[PDB]
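**Q** when you get a sec, could you give me coordinates for this:
(chains A and B)
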Amino acid sequence: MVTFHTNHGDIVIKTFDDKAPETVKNXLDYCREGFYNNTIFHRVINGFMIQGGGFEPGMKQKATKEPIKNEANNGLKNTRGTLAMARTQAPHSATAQXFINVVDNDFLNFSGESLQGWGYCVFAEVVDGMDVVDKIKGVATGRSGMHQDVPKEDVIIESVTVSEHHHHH
Amino acid sequence: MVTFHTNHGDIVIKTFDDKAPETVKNXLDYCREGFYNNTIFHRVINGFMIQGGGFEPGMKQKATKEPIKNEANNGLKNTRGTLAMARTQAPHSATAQXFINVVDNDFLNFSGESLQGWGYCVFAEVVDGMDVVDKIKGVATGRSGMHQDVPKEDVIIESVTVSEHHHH
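**A** Numbering: from 1, shown residues only, chains lettered A, B, ... in the order given. Let me share the structure:
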């Protein structure tokens, strides 16, 4: 169980260890060491998703570890509340960035091992704090240098906490 | 909370009561009594929006109540997933028809109290079922008498359910 703290509220997240082992452990590694602390949601698209994890305030991309394999073939879909890994055009390019689907974005689902088919790997799900997500996805956005859809008011992830057992079964 | 039941799937929608009171109450009235049951999505334009609420299968326009005022000055935007009221050239002409934006349609936003400025009033937003929306926007459309972009195969809203008690 992971819980981050933003200026808009608290969000609790349950990881899918059995469905995306390489994805979750690489994700959990950044959480325990503090890579996600003092990061922002640098890309917020209402009606789509909110994305962060790789930028400090001021839009400087942090240094990430080696990429992971794409485990999107686990059958999980990019429904509302699920978390999936952000990546480049290369399918096995996911590093530290991820996003939360605010609606059902089924076109992002794994439909082959190709360009528009590899999809985006779901590895976690919001259990408590979707109300906080719905307030973040509605903020005002604009251009910030070479990046687009950057919120005017920074949504800063202040701290990340990792726990053990839980009542979300 | 409102839920549509179509032949393509269910769509769950959250209303913005504080931002569009006259719009939501008018809208919810048709939902509770059943005005929207057995209606269709009579206008589907891929990459734009899907629209319904005023036509039964066969393009028979149902009888509507008095028009409502336009509450588009509420600050809400016509981003993807949002619902807005359809209207004629007159700003206070919305009755029963509405549409779902499938992309960001910023040109529909309220940018003044004039002809090309009144915009379109957002009153709701899709929470679960955008996949059903994204499937509806892809159907084949054609002309049906004095109407354009009418789907060949009817997208029928079979039933509408209203949820007024608590919700997540």
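**Q** please, where are all the strands along chain A?
**A** Ranges of strands within chain A are A:2-6, A:9-15, A:39-40, A:43-45, A:49-52, A:55-56, A:60-61, A:82-85, A:98-101, A:122-128, A:141-144, A:147-151, A:156-162, based on DSSP state E.
**Q** paired strands for the last one, with orientation please.
**A** Sheet pairing here is set by DSSP bridges, and for strand A:156-162 it gives strand A:2-6 (antiparallel), strand A:39-40 (antiparallel).
**Q** between that strand and strand A:9-15, how many degrees?
**A** If you take axes from the mean of the first three to the mean of the last three CA atoms, to 10 degrees, strand A:156-162 sits at 40 degrees to strand A:9-15.
**Q** can you mark which positions in strand A:156-162 are buried?
**A** A:156-157, A:160 (16 or more other CB atoms under 10 Å in any protein chain shown). (Each C-beta comes from the backbone N, C-alpha and C, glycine too.)
**Q** pretty sure residue A:19 sits against residue A:71.
**A** Yes. In terms of CB atoms under 8 Å, residue A:19 counts as a neighbour of residue A:71; the distance is 7.4 Å.
**Q** okay, and the common contacts of these two?
**A** A shared contact of residue A:19 and residue A:71, defined by CB atoms under 8 Å, 6 or more residues apart in numbering or on different chains, is any residue touching both; here these are residue A:123.
**Q** the two: who's more crowded?
**A** For residue A:19 against residue A:71, the residue with the higher neighbour count under other CB atoms under 10 Å in any protein chain shown is residue A:71, and the figures read 20 against 17.
**Q** look up how far chain B lies from that one.
**A** As defined by CB to the nearest CB, to the nearest Å, residue A:71 lies at a distance of 22 Å from chain B.
**Q** now do residue A:152
**A** Between residue A:152 and chain B the distance is 14 Å, computed by CB to the nearest CB.
**Q** who in chain A is up against chain B?
**A** Within chain A, the positions adjacent to chain B are A:45-48, A:80, A:103-107, A:130 by CB under 8 Å from any CB of the partner chain.
**Q** list only buried entries from those.
**A** Using 16+ other CB under 10 Å, the buried ones in the residues of chain A next to chain B are A:45-48, A:80, A:103-106, A:130.
**Q** tell me who's in contact with whichever residue of chain A sits closest to chain B.
**A** Among the residues of chain A, residue A:47 lies nearest to chain B; the distance is 3.3 Å by CB to the nearest CB. In this structure, residue A:47 makes contact with A:102-103, A:137, B:79-82, B:101, B:104, B:125-126, B:130, judged by CB under 8 Å, 6+ apart.
**Q** what's the answer for residue A:134, then?
**A** Neighbouring residues of residue A:134 by CB under 8 Å, 6+ apart: residue A:102.
**Q** likewise residue A:130?
**A** Residue A:130 makes contact with A:11, A:81, B:168 under the criterion CB under 8 Å, 6+ apart.
**Q** what's the answer for residue A:93, then?
**A** The neighbourhood of residue A:93, defined by CB under 8 Å, 6+ apart, consists of A:67, A:87.
**Q** repeat that for residue A:124.
**A** Applying CB under 8 Å, 6+ apart to residue A:124 gives the contacts A:2, A:13-16, A:24, A:27, A:82-83.
**Q** what is the burial count for the closest residue to it other than its chain neighbours?
**A** Taking CB to CB, 6 or more residues apart in numbering or on different chains, and ignoring the residues beside it in sequence, residue A:124 has residue A:83 as its nearest neighbour in space, at 4.0 Å. Residues within reach of residue A:83, counting by other CB under 10 Å, total 25.
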